>>> print(open('data-v8.txt').read())   # compact mmCIF, C-alpha atoms
# COMPACT_ATOMS: atom_id res chain seq x y z
CA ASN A 1 42.47 35.50 168.23
CA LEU A 2 41.13 37.51 171.14
CA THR A 3 42.81 37.38 174.51
CA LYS A 4 41.26 35.05 177.06
CA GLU A 5 39.74 37.98 178.97
CA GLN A 6 38.41 39.65 175.81
CA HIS A 7 36.82 36.33 174.84
CA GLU A 8 35.19 35.87 178.25
CA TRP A 9 33.78 39.41 178.09
CA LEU A 10 32.46 39.17 174.54
CA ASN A 11 31.16 35.61 174.89
CA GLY A 12 29.24 36.72 177.97
CA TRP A 13 27.60 39.60 176.10
CA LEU A 14 26.79 37.38 173.13
CA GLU A 15 25.13 34.81 175.42
CA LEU A 16 22.93 37.54 176.91
CA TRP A 17 22.19 38.97 173.47
CA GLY A 18 21.51 35.56 172.00
CA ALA A 19 18.88 34.81 174.63
CA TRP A 20 17.32 38.24 174.05
CA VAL A 21 17.17 37.63 170.29
CA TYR A 22 15.76 34.12 170.76
CA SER A 23 12.93 35.58 172.85
CA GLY A 24 11.82 37.54 169.78
CA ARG A 25 12.58 41.04 171.05
CA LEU A 26 14.54 42.28 167.99
CA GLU A 27 12.46 44.23 165.47
CA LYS A 28 12.47 42.68 162.00
CA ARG A 29 13.63 45.94 160.37
CA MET A 30 16.86 45.90 162.40
CA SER A 31 18.29 42.81 160.64
CA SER A 32 16.80 40.70 157.86
CA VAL A 33 19.26 37.88 158.59
CA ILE A 34 18.23 37.67 162.25
CA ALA A 35 14.54 38.00 161.33
CA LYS A 36 14.81 35.20 158.76
CA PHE A 37 16.69 33.06 161.27
CA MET A 38 13.99 33.56 163.90
CA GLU A 39 11.21 32.68 161.47
CA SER A 40 12.56 29.12 161.35
CA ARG A 41 18.19 31.97 179.98
CA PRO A 42 19.24 35.34 181.36
CA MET A 43 19.05 38.10 178.79
CA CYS A 44 20.27 41.66 178.48
CA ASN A 45 17.94 44.65 178.58
CA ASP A 46 16.36 46.08 175.43
CA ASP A 47 18.80 48.96 174.97
CA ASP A 48 21.76 46.58 175.16
CA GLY A 49 19.97 44.05 172.96
CA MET A 50 19.46 46.67 170.26
CA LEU A 51 23.02 48.01 170.53
CA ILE A 52 24.55 44.55 170.26
CA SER A 53 22.24 43.59 167.39
CA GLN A 54 23.25 46.69 165.43
CA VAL A 55 26.91 45.85 166.06
CA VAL A 56 26.55 42.22 165.04
CA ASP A 57 24.52 42.94 161.91
CA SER A 58 26.92 45.67 160.80
CA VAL A 59 29.88 43.28 161.14
CA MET A 60 28.43 39.92 160.08
CA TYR A 61 26.25 40.90 157.11
CA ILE A 62 29.28 40.28 154.87
CA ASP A 63 29.31 36.52 155.59
CA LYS A 64 25.82 35.04 155.80
CA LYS A 65 27.18 31.55 156.52
CA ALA A 66 29.14 32.78 159.55
CA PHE A 67 26.20 34.94 160.64
CA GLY A 68 23.97 31.87 160.68
CA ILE A 69 26.51 29.84 162.65
CA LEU A 70 26.81 32.65 165.19
CA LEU A 71 23.01 32.72 165.57
CA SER A 72 22.80 28.92 165.92
CA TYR A 73 25.37 28.97 168.73
CA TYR A 74 24.28 32.08 170.64
CA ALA A 75 20.58 32.54 169.84
CA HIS A 76 19.37 28.95 169.51
CA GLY A 77 21.97 27.63 171.94
CA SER A 78 23.19 24.75 169.79
CA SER A 79 26.51 23.13 170.66
CA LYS A 80 29.47 23.39 168.31
CA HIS A 81 29.18 19.66 167.71
CA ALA A 82 25.51 19.98 166.75
CA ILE A 83 26.26 22.82 164.33
CA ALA A 84 29.13 20.84 162.80
CA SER A 85 26.96 17.74 162.37
CA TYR A 86 24.50 19.68 160.20
CA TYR A 87 27.33 21.54 158.42
CA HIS A 88 28.84 18.14 157.58
CA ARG A 89 25.46 16.66 156.57
CA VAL A 90 24.82 19.34 153.92
CA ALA A 91 28.42 19.94 152.82
CA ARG A 92 29.20 20.25 149.10
CA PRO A 93 31.93 18.33 147.27
CA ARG A 94 35.24 20.18 147.49
CA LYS A 95 38.51 20.17 145.59
CA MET A 96 40.89 18.69 148.18
CA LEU A 97 44.66 18.95 147.68
CA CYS A 98 45.78 15.55 148.94
CA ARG A 99 49.16 13.83 148.78
CA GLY A 100 49.80 12.76 145.20
CA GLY A 101 47.22 15.05 143.60
CA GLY A 102 43.88 16.73 144.01
CA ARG A 103 40.60 14.85 144.43
CA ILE A 104 36.92 15.78 144.78
CA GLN A 105 35.46 14.74 148.13
CA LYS A 106 33.05 16.02 150.74
CA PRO A 107 34.78 17.20 153.94
CA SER A 108 35.19 14.88 156.89
CA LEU A 109 33.30 15.46 160.12
CA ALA A 110 36.58 16.33 161.84
CA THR A 111 37.20 18.99 159.19
CA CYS A 112 33.70 20.42 159.61
CA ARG A 113 34.14 20.60 163.39
CA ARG A 114 37.40 22.52 162.98
CA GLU A 115 35.82 24.91 160.46
CA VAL A 116 32.85 25.66 162.74
CA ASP A 117 35.23 26.44 165.61
CA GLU A 118 37.32 28.66 163.32
CA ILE A 119 34.26 30.49 161.98
CA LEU A 120 33.01 31.24 165.49
CA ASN A 121 36.47 32.39 166.58
CA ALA A 122 36.86 34.61 163.53
CA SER A 123 33.42 36.12 164.08
CA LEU A 124 34.18 37.01 167.71
CA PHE A 125 37.46 38.55 166.62
CA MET A 126 35.61 40.79 164.15
CA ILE A 127 32.85 41.67 166.60
CA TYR A 128 35.01 42.50 169.65
CA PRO A 129 36.49 45.93 168.72
CA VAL A 130 33.18 47.11 167.30
CA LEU A 131 31.19 46.13 170.39
CA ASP A 132 33.82 47.51 172.75
CA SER A 133 33.74 50.80 170.86
CA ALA A 134 29.93 50.75 170.73
CA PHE A 135 29.63 50.65 174.52
CA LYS A 136 32.36 53.29 174.89
CA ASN A 137 30.66 55.52 172.30
CA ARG A 138 27.36 55.30 174.19
CA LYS A 139 29.09 56.15 177.48
CA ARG A 140 30.80 59.16 175.93
CA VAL A 141 27.73 60.70 174.31
CA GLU A 142 25.30 59.88 177.15
>>> encode(input="data-v8.txt", output="structure tokens")
Amino acid sequence: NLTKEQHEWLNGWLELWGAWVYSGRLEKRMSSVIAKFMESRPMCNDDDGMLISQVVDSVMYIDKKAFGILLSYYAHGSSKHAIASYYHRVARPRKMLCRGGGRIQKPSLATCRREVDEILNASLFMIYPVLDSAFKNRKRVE
């Protein structure tokens, strides 16, 4: 988990970046995931939008599911509850280790809400050091 101040800082940047992405300003070549997402609010400037997009793509490409959830929340502006409702609606049957033995069952809505929150938190944790270093790298060289 990030500290409260680190979260406020990164969440702020991701809100600005998300609005910039949603306005269509990211070139398709810079991220196929973002481009595919966009085929289906104050904003940062273009230099910052590109820098953040390169950071996010370079971190989140490993987990397309989490990447999509990040884009739903920050770019489209969907609430965590709205993302979890759809996540729950399309969820696959899972092997659940219950008391007395395992069973096959689709996850509850409460479980899907917790998982969406955890996925967003884990994504911000991964993004934070890379974005912090990206801004510091730009400052150093320029």
>>> closest_residue(input="data-v8.txt", among="A:4, A:29, A:51, A:121", to="residue 133 of chain A", atoms="all atoms listed in the file")
A:51
>>> atom_distance(input="data-v8.txt", atom1="atom CA of residue 104 of chain A", atom2="atom CA of residue 118 of chain A")
22.6 Å
>>> closest_residue(input="data-v8.txt", among="A:61, A:48, A:38, A:56", to="residue 129 of chain A", atoms="all atoms listed in the file")
A:56
>>> residues_around(input="data-v8.txt", residues="residue 63 of chain A", least_positions_apart="6", cutoff="12 Å", atoms="all atoms listed in the file", output="PyMOL selection string")
chain A and resi 33+56-57+69-70+119-120+122-123+126
>>> residues_around(input="data-v8.txt", residues="residue 80 of chain A", least_positions_apart="6", cutoff="10 Å", atoms="all atoms listed in the file", output="ChimeraX atom specification")
/A:69,72-73,113-114,116-117,120
>>> atom_distance(input="data-v8.txt", atom1="atom CA of residue 16 of chain A", atom2="atom CA of residue 42 of chain A")
6.2 Å
>>> residues_around(input="data-v8.txt", residues="segment 17-26 of chain A", least_positions_apart="5", cutoff="8 Å", atoms="all atoms listed in the file", output="number ranges by chain")
A: 35, 38, 41-46, 48-50, 52-53, 71, 74-77
>>> closest_residue(input="data-v8.txt", among="A:40, A:54, A:106, A:32", to="residue 127 of chain A", atoms="all atoms listed in the file")
A:54
>>> build_atoms(input="data-v8.txt", residues="segment 105-138 of chain A", atoms="N, CA and C atoms", output="PDB file, in the frame of the given file")
ATOM      1  N   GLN A 105      35.992  15.499 147.002  1.00  0.00           N
ATOM      2  CA  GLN A 105      35.460  14.740 148.130  1.00  0.00           C
ATOM      3  C   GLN A 105      34.748  15.710 149.063  1.00  0.00           C
ATOM      4  N   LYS A 106      33.684  15.228 149.705  1.00  0.00           N
ATOM      5  CA  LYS A 106      33.050  16.020 150.740  1.00  0.00           C
ATOM      6  C   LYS A 106      33.929  16.032 151.996  1.00  0.00           C
ATOM      7  N   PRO A 107      33.897  17.114 152.772  1.00  0.00           N
ATOM      8  CA  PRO A 107      34.780  17.200 153.940  1.00  0.00           C
ATOM      9  C   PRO A 107      34.390  16.220 155.030  1.00  0.00           C
ATOM     10  N   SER A 108      35.402  15.766 155.762  1.00  0.00           N
ATOM     11  CA  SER A 108      35.190  14.880 156.890  1.00  0.00           C
ATOM     12  C   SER A 108      34.464  15.617 158.013  1.00  0.00           C
ATOM     13  N   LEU A 109      33.924  14.845 158.962  1.00  0.00           N
ATOM     14  CA  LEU A 109      33.300  15.460 160.120  1.00  0.00           C
ATOM     15  C   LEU A 109      34.326  16.201 160.969  1.00  0.00           C
ATOM     16  N   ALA A 110      35.529  15.642 161.101  1.00  0.00           N
ATOM     17  CA  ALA A 110      36.580  16.330 161.840  1.00  0.00           C
ATOM     18  C   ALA A 110      36.909  17.674 161.212  1.00  0.00           C
ATOM     19  N   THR A 111      36.941  17.730 159.879  1.00  0.00           N
ATOM     20  CA  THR A 111      37.200  18.990 159.190  1.00  0.00           C
ATOM     21  C   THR A 111      36.073  19.984 159.445  1.00  0.00           C
ATOM     22  N   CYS A 112      34.825  19.524 159.384  1.00  0.00           N
ATOM     23  CA  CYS A 112      33.700  20.420 159.610  1.00  0.00           C
ATOM     24  C   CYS A 112      33.686  20.951 161.036  1.00  0.00           C
ATOM     25  N   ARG A 113      34.051  20.114 162.013  1.00  0.00           N
ATOM     26  CA  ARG A 113      34.140  20.600 163.390  1.00  0.00           C
ATOM     27  C   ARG A 113      35.185  21.691 163.533  1.00  0.00           C
ATOM     28  N   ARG A 114      36.353  21.502 162.917  1.00  0.00           N
ATOM     29  CA  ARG A 114      37.400  22.520 162.980  1.00  0.00           C
ATOM     30  C   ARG A 114      36.937  23.814 162.319  1.00  0.00           C
ATOM     31  N   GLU A 115      36.272  23.710 161.164  1.00  0.00           N
ATOM     32  CA  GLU A 115      35.820  24.910 160.460  1.00  0.00           C
ATOM     33  C   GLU A 115      34.763  25.662 161.264  1.00  0.00           C
ATOM     34  N   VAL A 116      33.844  24.956 161.931  1.00  0.00           N
ATOM     35  CA  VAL A 116      32.850  25.660 162.740  1.00  0.00           C
ATOM     36  C   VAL A 116      33.530  26.424 163.872  1.00  0.00           C
ATOM     37  N   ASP A 117      34.480  25.781 164.547  1.00  0.00           N
ATOM     38  CA  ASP A 117      35.230  26.440 165.610  1.00  0.00           C
ATOM     39  C   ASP A 117      35.960  27.665 165.071  1.00  0.00           C
ATOM     40  N   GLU A 118      36.568  27.542 163.887  1.00  0.00           N
ATOM     41  CA  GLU A 118      37.320  28.660 163.320  1.00  0.00           C
ATOM     42  C   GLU A 118      36.385  29.794 162.917  1.00  0.00           C
ATOM     43  N   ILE A 119      35.220  29.462 162.368  1.00  0.00           N
ATOM     44  CA  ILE A 119      34.260  30.490 161.980  1.00  0.00           C
ATOM     45  C   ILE A 119      33.765  31.256 163.202  1.00  0.00           C
ATOM     46  N   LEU A 120      33.439  30.548 164.284  1.00  0.00           N
ATOM     47  CA  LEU A 120      33.010  31.240 165.490  1.00  0.00           C
ATOM     48  C   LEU A 120      34.121  32.126 166.041  1.00  0.00           C
ATOM     49  N   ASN A 121      35.347  31.606 166.086  1.00  0.00           N
ATOM     50  CA  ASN A 121      36.470  32.390 166.580  1.00  0.00           C
ATOM     51  C   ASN A 121      36.686  33.625 165.729  1.00  0.00           C
ATOM     52  N   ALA A 122      36.623  33.474 164.411  1.00  0.00           N
ATOM     53  CA  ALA A 122      36.860  34.610 163.530  1.00  0.00           C
ATOM     54  C   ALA A 122      35.760  35.647 163.686  1.00  0.00           C
ATOM     55  N   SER A 123      34.524  35.193 163.879  1.00  0.00           N
ATOM     56  CA  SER A 123      33.420  36.120 164.080  1.00  0.00           C
ATOM     57  C   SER A 123      33.589  36.924 165.364  1.00  0.00           C
ATOM     58  N   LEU A 124      33.971  36.271 166.465  1.00  0.00           N
ATOM     59  CA  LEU A 124      34.180  37.010 167.710  1.00  0.00           C
ATOM     60  C   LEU A 124      35.316  37.998 167.574  1.00  0.00           C
ATOM     61  N   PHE A 125      36.363  37.623 166.851  1.00  0.00           N
ATOM     62  CA  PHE A 125      37.460  38.550 166.620  1.00  0.00           C
ATOM     63  C   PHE A 125      36.992  39.809 165.904  1.00  0.00           C
ATOM     64  N   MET A 126      36.129  39.647 164.899  1.00  0.00           N
ATOM     65  CA  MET A 126      35.610  40.790 164.150  1.00  0.00           C
ATOM     66  C   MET A 126      34.666  41.623 165.006  1.00  0.00           C
ATOM     67  N   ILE A 127      33.855  40.962 165.830  1.00  0.00           N
ATOM     68  CA  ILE A 127      32.850  41.670 166.600  1.00  0.00           C
ATOM     69  C   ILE A 127      33.469  42.473 167.743  1.00  0.00           C
ATOM     70  N   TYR A 128      34.493  41.937 168.405  1.00  0.00           N
ATOM     71  CA  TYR A 128      35.010  42.500 169.650  1.00  0.00           C
ATOM     72  C   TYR A 128      35.318  44.005 169.592  1.00  0.00           C
ATOM     73  N   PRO A 129      36.173  44.488 168.681  1.00  0.00           N
ATOM     74  CA  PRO A 129      36.490  45.930 168.720  1.00  0.00           C
ATOM     75  C   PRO A 129      35.292  46.797 168.446  1.00  0.00           C
ATOM     76  N   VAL A 130      34.358  46.320 167.630  1.00  0.00           N
ATOM     77  CA  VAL A 130      33.180  47.110 167.300  1.00  0.00           C
ATOM     78  C   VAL A 130      32.238  47.187 168.491  1.00  0.00           C
ATOM     79  N   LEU A 131      32.067  46.083 169.223  1.00  0.00           N
ATOM     80  CA  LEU A 131      31.190  46.130 170.390  1.00  0.00           C
ATOM     81  C   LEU A 131      31.828  46.911 171.518  1.00  0.00           C
ATOM     82  N   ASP A 132      33.132  46.727 171.733  1.00  0.00           N
ATOM     83  CA  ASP A 132      33.820  47.510 172.750  1.00  0.00           C
ATOM     84  C   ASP A 132      33.683  48.999 172.457  1.00  0.00           C
ATOM     85  N   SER A 133      33.860  49.389 171.193  1.00  0.00           N
ATOM     86  CA  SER A 133      33.740  50.800 170.860  1.00  0.00           C
ATOM     87  C   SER A 133      32.286  51.254 170.913  1.00  0.00           C
ATOM     88  N   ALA A 134      31.336  50.349 170.671  1.00  0.00           N
ATOM     89  CA  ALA A 134      29.930  50.750 170.730  1.00  0.00           C
ATOM     90  C   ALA A 134      29.522  51.114 172.145  1.00  0.00           C
ATOM     91  N   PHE A 135      29.931  50.314 173.129  1.00  0.00           N
ATOM     92  CA  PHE A 135      29.630  50.650 174.520  1.00  0.00           C
ATOM     93  C   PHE A 135      30.351  51.927 174.934  1.00  0.00           C
ATOM     94  N   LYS A 136      31.605  52.095 174.510  1.00  0.00           N
ATOM     95  CA  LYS A 136      32.360  53.290 174.890  1.00  0.00           C
ATOM     96  C   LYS A 136      31.779  54.529 174.226  1.00  0.00           C
ATOM     97  N   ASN A 137      31.304  54.394 172.985  1.00  0.00           N
ATOM     98  CA  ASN A 137      30.660  55.520 172.300  1.00  0.00           C
ATOM     99  C   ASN A 137      29.394  55.939 173.028  1.00  0.00           C
ATOM    100  N   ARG A 138      28.584  54.970 173.460  1.00  0.00           N
ATOM    101  CA  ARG A 138      27.360  55.300 174.190  1.00  0.00           C
ATOM    102  C   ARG A 138      27.680  56.020 175.490  1.00  0.00           C
TER     103      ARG A 138
END
